[PDB]
file work30.tsv (TSV, C-alpha atoms)
chain	number	residue	atom	x	y	z
A	1	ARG	CA	28.82	-50.42	-18.33
A	2	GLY	CA	28.54	-54.18	-17.82
A	3	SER	CA	32.06	-55.22	-18.79
A	4	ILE	CA	34.82	-52.65	-18.29
A	5	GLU	CA	38.58	-53.09	-18.65
A	6	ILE	CA	41.00	-53.20	-15.71
A	7	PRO	CA	44.53	-51.81	-16.22
A	8	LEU	CA	47.51	-54.12	-15.70
A	9	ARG	CA	51.29	-53.72	-15.49
A	10	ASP	CA	51.98	-55.22	-18.94
A	11	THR	CA	49.58	-54.63	-21.86
A	12	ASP	CA	46.78	-53.02	-19.85
A	13	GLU	CA	43.09	-52.95	-20.82
A	14	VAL	CA	42.97	-56.58	-21.89
A	15	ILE	CA	40.91	-58.20	-19.11
A	16	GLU	CA	37.17	-57.70	-18.57
A	17	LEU	CA	34.80	-59.23	-16.03
A	18	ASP	CA	31.02	-59.38	-16.32
A	19	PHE	CA	28.95	-57.45	-13.79
A	20	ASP	CA	25.78	-59.54	-14.01
A	21	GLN	CA	27.01	-62.06	-11.44
A	22	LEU	CA	27.53	-61.22	-7.77
A	23	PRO	CA	31.20	-61.80	-6.81
A	24	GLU	CA	32.90	-61.34	-3.44
A	25	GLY	CA	33.87	-57.85	-2.34
A	26	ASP	CA	36.92	-59.25	-0.57
A	27	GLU	CA	38.93	-60.16	-3.69
A	28	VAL	CA	38.29	-56.82	-5.38
A	29	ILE	CA	40.51	-54.88	-2.98
A	30	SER	CA	43.35	-57.33	-3.70
A	31	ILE	CA	42.93	-57.43	-7.47
A	32	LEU	CA	42.91	-53.63	-7.64
A	33	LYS	CA	46.03	-53.40	-5.45
A	34	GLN	CA	48.40	-56.03	-6.81
A	35	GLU	CA	48.31	-54.44	-10.30
A	36	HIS	CA	48.30	-50.73	-9.30
A	37	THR	CA	45.21	-49.50	-11.14
A	38	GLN	CA	44.35	-45.81	-11.37
A	39	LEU	CA	41.97	-44.33	-8.81
A	40	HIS	CA	39.24	-43.66	-11.41
A	41	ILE	CA	38.44	-47.33	-11.97
A	42	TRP	CA	37.64	-47.58	-8.25
A	43	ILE	CA	34.69	-45.20	-8.49
A	44	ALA	CA	33.85	-46.64	-11.91
A	45	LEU	CA	33.39	-50.11	-10.41
A	46	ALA	CA	31.61	-48.64	-7.38
A	47	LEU	CA	28.88	-47.11	-9.54
A	48	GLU	CA	28.33	-50.43	-11.32
A	49	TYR	CA	27.84	-51.99	-7.88
A	50	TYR	CA	25.29	-49.30	-7.05
A	51	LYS	CA	23.33	-49.65	-10.31
A	52	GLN	CA	22.39	-53.28	-9.60
A	53	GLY	CA	20.54	-52.14	-6.47
A	54	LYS	CA	23.11	-52.94	-3.78
A	55	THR	CA	23.74	-50.35	-1.09
A	56	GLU	CA	26.24	-52.37	0.95
A	57	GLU	CA	28.99	-53.19	-1.56
A	58	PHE	CA	29.04	-49.57	-2.74
A	59	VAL	CA	29.73	-48.36	0.82
A	60	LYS	CA	32.06	-51.25	1.74
A	61	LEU	CA	34.39	-51.26	-1.28
A	62	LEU	CA	34.90	-47.49	-0.93
A	63	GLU	CA	35.84	-47.91	2.74
A	64	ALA	CA	39.17	-49.63	2.08
A	65	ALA	CA	40.02	-47.03	-0.59
A	66	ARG	CA	41.40	-44.59	2.00
A	67	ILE	CA	44.52	-46.73	2.52
A	68	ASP	CA	45.56	-46.70	-1.15
A	69	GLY	CA	45.09	-43.00	-1.71
A	70	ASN	CA	48.32	-41.88	-3.41
A	71	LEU	CA	50.82	-44.72	-3.60
A	72	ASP	CA	52.30	-44.21	-7.09
A	73	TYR	CA	49.45	-42.40	-8.86
A	74	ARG	CA	51.43	-39.16	-9.43
A	75	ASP	CA	49.30	-36.57	-7.58
A	76	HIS	CA	45.78	-38.06	-7.64
A	77	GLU	CA	44.35	-36.43	-4.48
A	78	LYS	CA	41.20	-35.22	-6.25
A	79	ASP	CA	39.79	-38.70	-6.78
A	80	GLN	CA	40.73	-39.54	-3.18
A	81	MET	CA	38.54	-36.70	-1.91
A	82	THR	CA	35.75	-37.79	-4.26
A	83	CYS	CA	36.08	-41.27	-2.75
A	84	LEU	CA	35.82	-40.04	0.83
A	85	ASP	CA	32.83	-37.82	-0.06
A	86	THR	CA	30.78	-41.00	-0.52
A	87	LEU	CA	31.95	-42.16	2.92
A	88	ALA	CA	30.78	-38.82	4.30
A	89	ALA	CA	27.37	-38.79	2.57
A	90	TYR	CA	26.12	-42.37	2.25
A	91	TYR	CA	26.58	-42.89	5.99
A	92	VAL	CA	23.98	-40.23	6.76
A	93	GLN	CA	21.88	-41.56	3.90
A	94	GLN	CA	22.02	-45.10	5.33
A	95	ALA	CA	21.50	-44.07	8.96
A	96	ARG	CA	17.81	-43.34	8.27
A	97	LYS	CA	16.99	-46.84	6.95
A	98	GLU	CA	18.53	-48.76	9.84
A	99	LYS	CA	18.14	-52.52	10.21
A	100	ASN	CA	17.49	-54.56	13.37
A	101	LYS	CA	21.14	-55.30	14.27
A	102	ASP	CA	22.51	-51.73	14.11
A	103	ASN	CA	21.53	-48.48	15.82
A	104	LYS	CA	21.55	-44.85	14.68
A	105	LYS	CA	24.71	-43.77	16.49
A	106	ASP	CA	26.56	-46.73	14.97
A	107	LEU	CA	26.22	-45.08	11.54
A	108	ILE	CA	26.44	-41.52	12.90
A	109	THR	CA	29.83	-42.05	14.55
A	110	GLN	CA	31.26	-43.39	11.28
A	111	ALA	CA	29.75	-40.39	9.43
A	112	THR	CA	31.46	-37.95	11.81
A	113	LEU	CA	34.99	-39.40	11.74
A	114	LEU	CA	35.73	-39.59	8.00
A	115	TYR	CA	34.10	-36.25	7.18
A	116	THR	CA	36.94	-34.42	8.94
A	117	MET	CA	39.46	-36.50	6.97
A	118	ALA	CA	37.61	-35.61	3.77
A	119	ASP	CA	38.12	-31.87	4.41
A	120	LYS	CA	41.90	-32.19	4.77
A	121	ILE	CA	42.46	-32.07	1.00
A	122	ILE	CA	39.56	-29.88	-0.19
A	123	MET	CA	37.28	-27.99	2.20
A	124	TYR	CA	33.81	-26.50	1.65
A	125	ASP	CA	32.87	-28.14	-1.66
A	126	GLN	CA	29.64	-28.88	-3.53
A	127	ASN	CA	28.79	-31.81	-1.22
A	128	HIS	CA	30.80	-31.17	1.98
A	129	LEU	CA	28.19	-28.64	3.13
A	130	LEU	CA	25.54	-31.28	2.54
A	131	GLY	CA	27.02	-33.29	5.41
A	132	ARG	CA	27.15	-30.40	7.87
A	133	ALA	CA	23.58	-29.50	7.00
A	134	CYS	CA	22.23	-33.07	7.19
A	135	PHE	CA	23.99	-33.73	10.52
A	136	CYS	CA	21.25	-31.68	12.23
A	137	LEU	CA	18.28	-33.57	10.77
A	138	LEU	CA	19.45	-36.79	12.42
A	139	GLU	CA	19.42	-35.34	15.95
A	140	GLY	CA	16.30	-33.15	15.61
A	141	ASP	CA	17.73	-29.73	16.48
A	142	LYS	CA	19.61	-26.71	15.10
A	143	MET	CA	17.40	-25.97	12.06
A	144	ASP	CA	18.82	-22.50	11.35
A	145	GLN	CA	22.31	-23.96	11.21
A	146	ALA	CA	21.24	-26.50	8.62
A	147	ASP	CA	19.44	-23.88	6.50
A	148	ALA	CA	22.47	-21.55	6.57
A	149	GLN	CA	24.73	-24.45	5.58
A	150	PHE	CA	22.40	-25.46	2.73
A	151	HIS	CA	22.32	-21.94	1.28
A	152	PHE	CA	26.12	-21.98	0.77
A	153	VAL	CA	25.87	-24.48	-2.09
A	154	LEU	CA	24.14	-21.79	-4.15
A	155	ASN	CA	27.03	-19.40	-3.54
A	156	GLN	CA	29.85	-21.85	-4.21
A	157	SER	CA	28.76	-23.81	-7.33
A	158	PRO	CA	25.10	-24.97	-7.57
A	159	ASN	CA	25.42	-27.44	-10.45
A	160	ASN	CA	22.47	-29.66	-9.49
A	161	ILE	CA	18.86	-29.46	-8.31
A	162	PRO	CA	19.22	-31.37	-4.99
A	163	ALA	CA	21.96	-28.83	-4.24
A	164	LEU	CA	19.00	-26.49	-3.56
A	165	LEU	CA	16.28	-28.96	-2.54
A	166	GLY	CA	17.81	-29.18	0.94
A	167	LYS	CA	16.38	-25.83	2.00
A	168	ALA	CA	12.80	-26.95	1.38
A	169	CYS	CA	13.09	-29.87	3.79
A	170	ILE	CA	14.18	-27.41	6.49
A	171	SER	CA	11.35	-25.06	5.52
A	172	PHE	CA	8.97	-28.00	6.00
A	173	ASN	CA	10.18	-28.64	9.56
A	174	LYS	CA	9.45	-25.05	10.63
A	175	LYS	CA	5.85	-25.34	9.32
A	176	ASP	CA	6.59	-23.20	6.23
A	177	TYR	CA	4.80	-24.66	3.23
A	178	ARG	CA	4.96	-21.40	1.25
A	179	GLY	CA	8.75	-21.36	1.45
A	180	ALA	CA	8.83	-25.09	0.73
A	181	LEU	CA	6.52	-25.09	-2.30
A	182	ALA	CA	8.54	-22.42	-4.12
A	183	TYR	CA	11.68	-24.54	-3.67
A	184	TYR	CA	9.99	-27.79	-4.74
A	185	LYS	CA	9.06	-26.23	-8.11
A	186	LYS	CA	12.68	-26.18	-9.30
A	187	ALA	CA	12.85	-29.94	-8.72
A	188	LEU	CA	10.59	-30.75	-11.70
A	189	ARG	CA	11.86	-28.28	-14.33
A	190	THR	CA	15.32	-29.82	-14.69
A	191	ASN	CA	14.11	-33.17	-13.27
A	192	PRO	CA	17.54	-34.62	-12.38
A	193	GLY	CA	18.26	-38.26	-11.65
A	194	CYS	CA	16.93	-39.71	-8.41
A	195	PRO	CA	15.34	-43.14	-7.83
A	196	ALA	CA	13.34	-41.62	-4.96
A	197	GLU	CA	10.90	-39.80	-7.27
A	198	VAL	CA	11.68	-36.19	-6.31
A	199	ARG	CA	8.09	-35.35	-7.36
A	200	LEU	CA	6.97	-37.21	-4.21
A	201	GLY	CA	7.98	-34.42	-1.84
A	202	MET	CA	6.17	-31.91	-4.02
A	203	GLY	CA	3.03	-34.04	-3.98
A	204	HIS	CA	3.47	-34.21	-0.20
A	205	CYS	CA	3.41	-30.40	0.12
A	206	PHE	CA	0.48	-30.16	-2.26
A	207	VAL	CA	-1.44	-31.91	0.52
A	208	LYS	CA	-1.73	-28.67	2.48
A	209	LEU	CA	-3.30	-25.32	1.56
A	210	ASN	CA	-6.20	-27.07	-0.23
A	211	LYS	CA	-4.48	-28.31	-3.40
A	212	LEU	CA	-6.20	-31.67	-3.83
A	213	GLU	CA	-6.20	-30.98	-7.59
A	214	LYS	CA	-2.37	-30.76	-7.47
A	215	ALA	CA	-1.28	-33.60	-5.14
A	216	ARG	CA	-3.08	-36.35	-7.05
A	217	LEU	CA	-1.54	-35.08	-10.30
A	218	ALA	CA	1.81	-35.43	-8.52
A	219	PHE	CA	1.14	-38.93	-7.19
A	220	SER	CA	-0.10	-40.23	-10.55
A	221	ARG	CA	3.12	-39.30	-12.35
A	222	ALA	CA	5.06	-40.92	-9.51
A	223	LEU	CA	2.98	-44.09	-9.91
A	224	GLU	CA	3.49	-44.11	-13.69
A	225	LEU	CA	7.25	-43.64	-13.60
A	226	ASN	CA	7.70	-46.34	-10.95
A	227	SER	CA	4.95	-48.31	-9.21
A	228	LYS	CA	7.57	-49.64	-6.77
A	229	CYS	CA	7.20	-46.50	-4.65
A	230	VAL	CA	4.55	-46.85	-1.94
A	231	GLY	CA	4.97	-43.19	-0.97
A	232	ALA	CA	2.89	-42.16	-3.97
A	233	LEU	CA	0.19	-44.78	-3.28
A	234	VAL	CA	-0.49	-44.49	0.44
A	235	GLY	CA	-0.95	-40.75	-0.04
A	236	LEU	CA	-3.92	-41.37	-2.30
A	237	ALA	CA	-5.23	-43.71	0.41
A	238	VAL	CA	-4.87	-40.84	2.90
A	239	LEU	CA	-6.42	-38.50	0.32
A	240	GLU	CA	-9.36	-40.94	0.14
A	241	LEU	CA	-9.86	-41.94	3.81
A	242	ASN	CA	-12.38	-39.12	4.32
A	243	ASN	CA	-14.94	-40.71	1.96
A	244	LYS	CA	-16.45	-43.45	4.08
A	245	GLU	CA	-19.78	-43.73	2.23
A	246	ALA	CA	-18.25	-43.51	-1.27
A	247	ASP	CA	-15.26	-45.33	-2.78
A	248	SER	CA	-14.74	-47.99	-0.12
A	249	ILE	CA	-13.41	-50.82	-2.30
A	250	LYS	CA	-10.64	-48.70	-3.82
A	251	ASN	CA	-9.82	-47.57	-0.28
A	252	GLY	CA	-9.62	-51.05	1.22
A	253	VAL	CA	-8.27	-52.98	-1.77
A	254	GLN	CA	-6.57	-50.74	-4.34
A	255	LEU	CA	-5.10	-48.42	-1.70
A	256	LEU	CA	-4.69	-50.85	1.22
A	257	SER	CA	-4.33	-54.37	-0.20
A	258	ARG	CA	-1.93	-53.30	-2.96
A	259	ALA	CA	0.34	-51.21	-0.74
A	260	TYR	CA	0.49	-54.10	1.74
A	261	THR	CA	1.57	-56.91	-0.59
A	262	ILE	CA	4.26	-54.74	-2.20
A	263	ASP	CA	5.62	-53.45	1.15
A	264	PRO	CA	4.41	-55.10	4.39
A	265	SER	CA	6.96	-53.43	6.69
A	266	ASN	CA	5.18	-50.07	6.49
A	267	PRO	CA	3.39	-48.88	9.67
A	268	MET	CA	1.27	-46.31	7.76
A	269	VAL	CA	-0.51	-48.87	5.58
A	270	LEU	CA	-0.69	-51.18	8.60
A	271	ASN	CA	-2.38	-48.48	10.68
A	272	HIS	CA	-4.80	-47.76	7.84
A	273	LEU	CA	-5.60	-51.42	7.23
A	274	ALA	CA	-6.21	-51.68	10.98
A	275	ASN	CA	-8.57	-48.70	11.13
A	276	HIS	CA	-10.33	-49.94	7.99
A	277	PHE	CA	-10.83	-53.41	9.49
A	278	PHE	CA	-12.07	-51.85	12.74
A	279	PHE	CA	-15.37	-50.76	11.15
A	280	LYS	CA	-15.89	-54.20	9.55
A	281	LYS	CA	-15.73	-55.73	13.07
A	282	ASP	CA	-12.61	-57.78	12.41
A	283	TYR	CA	-10.52	-57.13	15.51
A	284	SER	CA	-8.39	-60.25	15.03
A	285	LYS	CA	-6.13	-58.45	12.54
A	286	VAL	CA	-6.15	-54.91	13.97
A	287	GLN	CA	-4.19	-55.97	17.07
A	288	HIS	CA	-1.96	-58.24	14.98
A	289	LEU	CA	-1.05	-55.49	12.49
A	290	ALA	CA	-0.78	-52.68	15.05
A	291	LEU	CA	1.99	-54.55	16.88
A	292	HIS	CA	3.93	-54.69	13.61
A	293	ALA	CA	3.03	-51.07	12.85
A	294	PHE	CA	4.62	-50.03	16.15
A	295	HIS	CA	8.07	-51.56	16.66
A	296	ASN	CA	9.64	-50.47	13.35
A	297	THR	CA	8.75	-46.76	13.62
A	298	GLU	CA	10.92	-44.23	15.41
A	299	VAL	CA	9.22	-40.83	15.21
A	300	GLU	CA	6.47	-40.07	17.70
A	301	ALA	CA	3.75	-39.36	15.11
A	302	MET	CA	3.10	-42.98	14.03
A	303	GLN	CA	3.55	-44.70	17.39
A	304	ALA	CA	0.88	-42.74	19.24
A	305	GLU	CA	-1.62	-43.72	16.57
A	306	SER	CA	-0.43	-47.34	16.58
A	307	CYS	CA	-1.05	-47.45	20.35
A	308	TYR	CA	-4.35	-45.64	19.84
A	309	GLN	CA	-5.64	-48.35	17.49
A	310	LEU	CA	-4.69	-50.98	20.06
A	311	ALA	CA	-6.47	-49.22	22.87
A	312	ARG	CA	-9.49	-48.62	20.62
A	313	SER	CA	-9.62	-52.34	19.84
A	314	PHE	CA	-9.29	-53.05	23.57
A	315	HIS	CA	-11.98	-50.60	24.71
A	316	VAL	CA	-14.74	-52.20	22.58
A	317	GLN	CA	-13.91	-55.59	24.12
A	318	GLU	CA	-14.50	-54.35	27.67
A	319	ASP	CA	-10.72	-54.36	28.04
A	320	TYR	CA	-9.93	-50.96	29.53
A	321	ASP	CA	-7.01	-52.12	31.67
A	322	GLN	CA	-4.71	-52.68	28.71
A	323	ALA	CA	-6.24	-49.80	26.75
A	324	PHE	CA	-5.64	-47.24	29.51
A	325	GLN	CA	-1.87	-47.55	29.25
A	326	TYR	CA	-2.07	-47.32	25.47
A	327	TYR	CA	-4.23	-44.20	25.78
A	328	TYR	CA	-1.63	-42.76	28.14
A	329	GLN	CA	1.19	-43.57	25.72
A	330	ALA	CA	-0.77	-42.00	22.84
A	331	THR	CA	-0.70	-38.66	24.68
A	332	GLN	CA	2.76	-39.09	26.24
A	333	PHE	CA	4.38	-39.77	22.87
A	334	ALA	CA	2.65	-37.20	20.64
A	335	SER	CA	0.25	-34.75	22.29
A	336	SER	CA	-0.11	-31.97	19.70
A	337	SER	CA	-0.81	-34.48	16.91
A	338	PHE	CA	-4.59	-34.84	17.01
A	339	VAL	CA	-7.60	-34.62	19.32
A	340	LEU	CA	-8.21	-38.38	19.39
A	341	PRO	CA	-5.83	-39.40	22.25
A	342	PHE	CA	-7.16	-36.67	24.56
A	343	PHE	CA	-10.73	-37.86	23.97
A	344	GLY	CA	-9.71	-41.48	24.44
A	345	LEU	CA	-8.14	-40.65	27.80
A	346	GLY	CA	-11.22	-38.63	28.67
A	347	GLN	CA	-13.53	-41.59	28.07
A	348	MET	CA	-10.94	-43.88	29.72
A	349	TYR	CA	-10.38	-41.94	32.97
A	350	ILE	CA	-14.08	-42.52	33.68
A	351	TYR	CA	-13.05	-46.02	34.71
A	352	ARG	CA	-12.11	-46.89	38.29
A	353	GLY	CA	-13.91	-43.74	39.41
A	354	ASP	CA	-10.95	-41.52	38.53
A	355	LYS	CA	-13.19	-39.18	36.53
A	356	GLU	CA	-11.30	-36.18	37.91
A	357	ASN	CA	-8.58	-36.44	35.26
A	358	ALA	CA	-11.05	-37.11	32.45
A	359	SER	CA	-12.08	-33.47	32.81
A	360	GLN	CA	-8.48	-32.29	32.54
A	361	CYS	CA	-7.94	-34.43	29.46
A	362	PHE	CA	-11.27	-33.40	27.90
A	363	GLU	CA	-10.49	-29.72	28.41
A	364	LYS	CA	-7.96	-29.89	25.57
A	365	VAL	CA	-10.60	-31.30	23.20
A	366	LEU	CA	-12.54	-28.04	23.06
A	367	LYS	CA	-9.32	-26.08	22.54
A	368	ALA	CA	-9.02	-27.47	19.01
A	369	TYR	CA	-12.75	-27.55	18.25
A	370	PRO	CA	-16.01	-28.51	19.99
A	371	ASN	CA	-18.07	-31.54	19.04
A	372	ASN	CA	-21.65	-32.66	19.58
A	373	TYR	CA	-20.25	-35.88	20.99
A	374	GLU	CA	-17.72	-34.20	23.31
A	375	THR	CA	-20.40	-32.02	24.89
A	376	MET	CA	-22.12	-35.01	26.50
A	377	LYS	CA	-18.80	-36.38	27.76
A	378	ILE	CA	-18.15	-33.70	30.36
A	379	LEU	CA	-21.89	-33.34	30.90
A	380	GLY	CA	-22.15	-36.99	31.93
A	381	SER	CA	-18.86	-36.71	33.83
A	382	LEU	CA	-19.84	-33.43	35.45
A	383	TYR	CA	-18.53	-32.96	38.98
A	384	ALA	CA	-20.52	-29.76	39.49
A	385	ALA	CA	-23.03	-30.17	42.31
A	386	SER	CA	-24.08	-26.83	43.82
A	387	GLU	CA	-22.64	-23.35	44.40
A	388	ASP	CA	-19.86	-24.56	42.12
A	389	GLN	CA	-19.64	-22.23	39.15
A	390	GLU	CA	-16.20	-23.49	38.16
A	391	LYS	CA	-17.88	-26.65	36.86

call {"tool": "encode", "arguments": {"input": "work30.tsv", "output": "structure tokens"}}
result
Amino acid sequence: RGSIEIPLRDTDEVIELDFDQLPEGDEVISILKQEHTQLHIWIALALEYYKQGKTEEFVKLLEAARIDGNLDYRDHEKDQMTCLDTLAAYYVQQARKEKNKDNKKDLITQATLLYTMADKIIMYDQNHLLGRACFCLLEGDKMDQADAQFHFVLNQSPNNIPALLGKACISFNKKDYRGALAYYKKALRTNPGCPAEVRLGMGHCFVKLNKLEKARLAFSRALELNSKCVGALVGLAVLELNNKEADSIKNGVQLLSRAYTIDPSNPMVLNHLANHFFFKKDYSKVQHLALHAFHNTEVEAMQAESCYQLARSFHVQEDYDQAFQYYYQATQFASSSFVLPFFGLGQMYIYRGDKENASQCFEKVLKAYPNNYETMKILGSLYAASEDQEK
């Protein structure tokens, strides 16, 4: 709990230390090794380091536990494999939230080495398949392999809900919301323990297929259990961005000023504060926030929009030189995202008299849907002169 007993050589279970203070993780490996304590107290003290909200000590104290596997513990290999399972799962869990001094491969290469050593004692267990399945999400390929590895946890011993939730994340990547929604229902019936608000992924899939009555009812429960999560708040901002004539204060203050003060390192709320300030003619903060909404993101969906806000703020200032390269990056990063970057490059290629390519970039605007504003774009930039029925 907060003060557990540590076994000794003579008269064990007589010493207790308080877990409220933050001691050094360097003396713990020595104090648990000069007295020969059982392997169970190692994981017992690791969980008390993870309950105080500290992801580094939990993964660092369990790293040196491979050396003292079975010294004199009389056949205690089971707890050794349970120890190395954390070193084969929290590495992939921590590779997604990287900092500014480490890369992705620096936590991938440590997640690949110790997983093979974890399977020397026991192979193909309730969590060992989780590592083989989640190895594919980090590289962005082999989705069928990850789905076939996630299904095996149902056939071995499915004694938890996130043992099955892994298939729905793979169903989401193949654009299958019907297969994903049926798997996200089992996450709320048992409602197991997870600080990440497992109802958040269900409210994320209730965004599609016209279930606006369901996704808000998912985000509200996520905001009532813990208001620390911004992933349940920015969704309601995105659910409310369409109403520009109604509910503007909630959409600039309660959904944009609250998500920003609680979590300023988020490029989604920074992009939305930028596009909200763009209509109020305050360009001094759009370009300041869009630079911070750009360098911390990795996937190509947010960065094309972060460059698009910058080039939109530069076009209205008669600054097309800097905005042209941002419009090119918006389409070079993520092309099948939305119609906005193609239209921005269409109105941009007009400059310098290179209106030839504005037609090629505007051709893909009609392919999604026509617009009364896009019709006058190619009409103004019409290169058809005479006996030219192609144009």

call {"tool": "axis_aligned_box", "arguments": {"input": "work30.tsv", "around": "stretch 23-39 of chain A", "padding_each_side": "8 Å", "output": "AutoDock Vina command-line options"}}
result
--center_x 39.8 --center_y -53.1 --center_z -6.0 --size_x 33.2 --size_y 33.5 --size_z 26.8

call {"tool": "residues_around", "arguments": {"input": "work30.tsv", "residues": "stretch 235-242 of chain A", "least_positions_apart": "2", "cutoff": "7 Å", "atoms": "all atoms listed in the file", "output": "PyMOL selection string"}}
result
chain A and resi 216+231-233+244+251+255

call {"tool": "write_last_selection", "arguments": {"input": "work30.tsv", "atoms": "C-alpha atoms", "output": "CSV table (one decimal), keeping the file's coordinate frame"}}
result
chain,number,residue,atom,x,y,z
A,216,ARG,CA,-3.1,-36.4,-7.0
A,231,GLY,CA,5.0,-43.2,-1.0
A,232,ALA,CA,2.9,-42.2,-4.0
A,233,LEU,CA,0.2,-44.8,-3.3
A,244,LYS,CA,-16.4,-43.4,4.1
A,251,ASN,CA,-9.8,-47.6,-0.3
A,255,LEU,CA,-5.1,-48.4,-1.7

call {"tool": "closest_residue", "arguments": {"input": "work30.tsv", "among": "A:109, A:8, A:283, A:14", "to": "residue A:316", "atoms": "all atoms listed in the file"}}
result
A:283

call {"tool": "atom_distance", "arguments": {"input": "work30.tsv", "atom1": "atom CA of residue A:130", "atom2": "atom CA of residue A:170"}}
result
12.6 Å

call {"tool": "residues_around", "arguments": {"input": "work30.tsv", "residues": "residue A:171", "least_positions_apart": "2", "cutoff": "12 Å", "atoms": "only C-alpha atoms", "output": "list in words"}}
result
residues 143, 144, 146, 147, 148, 150, 164, 165, 166, 167, 168, 169, 173, 174, 175, 176, 177, 178, 179, 180, 181, 182, 183, 184 and 205 of chain A

call {"tool": "residues_around", "arguments": {"input": "work30.tsv", "residues": "residue A:23", "least_positions_apart": "5", "cutoff": "12 Å", "atoms": "all atoms listed in the file", "output": "ChimeraX atom specification"}}
result
/A:17-18,28,49,57

call {"tool": "residues_around", "arguments": {"input": "work30.tsv", "residues": "residue A:78", "least_positions_apart": "3", "cutoff": "9 Å", "atoms": "all atoms listed in the file", "output": "short mmCIF file (atom, residue, chain, number, x, y, z; two decimals) with C-alpha atoms, in the frame of the given file"}}
result
data_model
loop_
_atom_site.label_atom_id
_atom_site.label_comp_id
_atom_site.auth_asym_id
_atom_site.auth_seq_id
_atom_site.Cartn_x
_atom_site.Cartn_y
_atom_site.Cartn_z
CA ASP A 75 49.30 -36.57 -7.58
CA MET A 81 38.54 -36.70 -1.91
CA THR A 82 35.75 -37.79 -4.26
CA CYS A 83 36.08 -41.27 -2.75
CA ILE A 121 42.46 -32.07 1.00
CA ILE A 122 39.56 -29.88 -0.19
#

call {"tool": "atom_distance", "arguments": {"input": "work30.tsv", "atom1": "atom CA of residue A:287", "atom2": "atom CA of residue A:260"}}
result
16.1 Å

call {"tool": "atom_distance", "arguments": {"input": "work30.tsv", "atom1": "atom CA of residue A:267", "atom2": "atom CA of residue A:313"}}
result
16.9 Å

call {"tool": "residues_around", "arguments": {"input": "work30.tsv", "residues": "residue A:4", "least_positions_apart": "3", "cutoff": "12 Å", "atoms": "all atoms listed in the file", "output": "PyMOL selection string"}}
result
chain A and resi 1+7+13-19+41-42+44-45+47-48

call {"tool": "residues_near_point", "arguments": {"input": "work30.tsv", "point": "(35.9, -41.1, -8.9)", "cutoff": "6 Å", "atoms": "all atoms listed in the file", "output": "list in words"}}
result
residues 40, 43, 79 and 82 of chain A

call {"tool": "write_last_selection", "arguments": {"input": "work30.tsv", "atoms": "C-alpha atoms", "output": "PDB file, in the frame of the given file"}}
result
ATOM      1  CA  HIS A  40      39.240 -43.660 -11.410  1.00  0.00           C
ATOM      2  CA  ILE A  43      34.690 -45.200  -8.490  1.00  0.00           C
ATOM      3  CA  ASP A  79      39.790 -38.700  -6.780  1.00  0.00           C
ATOM      4  CA  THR A  82      35.750 -37.790  -4.260  1.00  0.00           C
TER       5      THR A  82
END

call {"tool": "build_atoms", "arguments": {"input": "work30.tsv", "residues": "stretch 247-254 of chain A", "atoms": "N, CA, C and O atoms", "output": "compact mmCIF listing (two decimals), keeping the file's coordinate frame"}}
result
# COMPACT_ATOMS: atom_id res chain seq x y z
N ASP A 247 -16.59 -44.82 -2.45
CA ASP A 247 -15.26 -45.33 -2.78
C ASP A 247 -14.64 -46.04 -1.57
O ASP A 247 -13.67 -45.58 -0.97
N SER A 248 -15.26 -47.17 -1.20
CA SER A 248 -14.74 -47.99 -0.12
C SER A 248 -13.86 -49.14 -0.62
O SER A 248 -12.89 -49.51 0.04
N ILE A 249 -14.18 -49.70 -1.79
CA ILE A 249 -13.41 -50.82 -2.30
C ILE A 249 -12.03 -50.37 -2.76
O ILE A 249 -11.03 -51.03 -2.49
N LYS A 250 -11.95 -49.23 -3.45
CA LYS A 250 -10.64 -48.70 -3.82
C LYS A 250 -9.82 -48.36 -2.59
O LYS A 250 -8.58 -48.43 -2.62
N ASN A 251 -10.49 -48.02 -1.49
CA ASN A 251 -9.82 -47.57 -0.28
C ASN A 251 -9.44 -48.72 0.65
O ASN A 251 -8.62 -48.53 1.55
N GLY A 252 -10.03 -49.89 0.45
CA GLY A 252 -9.62 -51.05 1.22
C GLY A 252 -8.83 -52.07 0.41
O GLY A 252 -8.15 -52.92 0.99
N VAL A 253 -8.92 -52.00 -0.91
CA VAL A 253 -8.27 -52.98 -1.77
C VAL A 253 -7.17 -52.32 -2.60
O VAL A 253 -5.99 -52.68 -2.48
N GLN A 254 -7.54 -51.35 -3.44
CA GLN A 254 -6.57 -50.74 -4.34
C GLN A 254 -5.61 -49.81 -3.62
O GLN A 254 -4.53 -49.52 -4.15
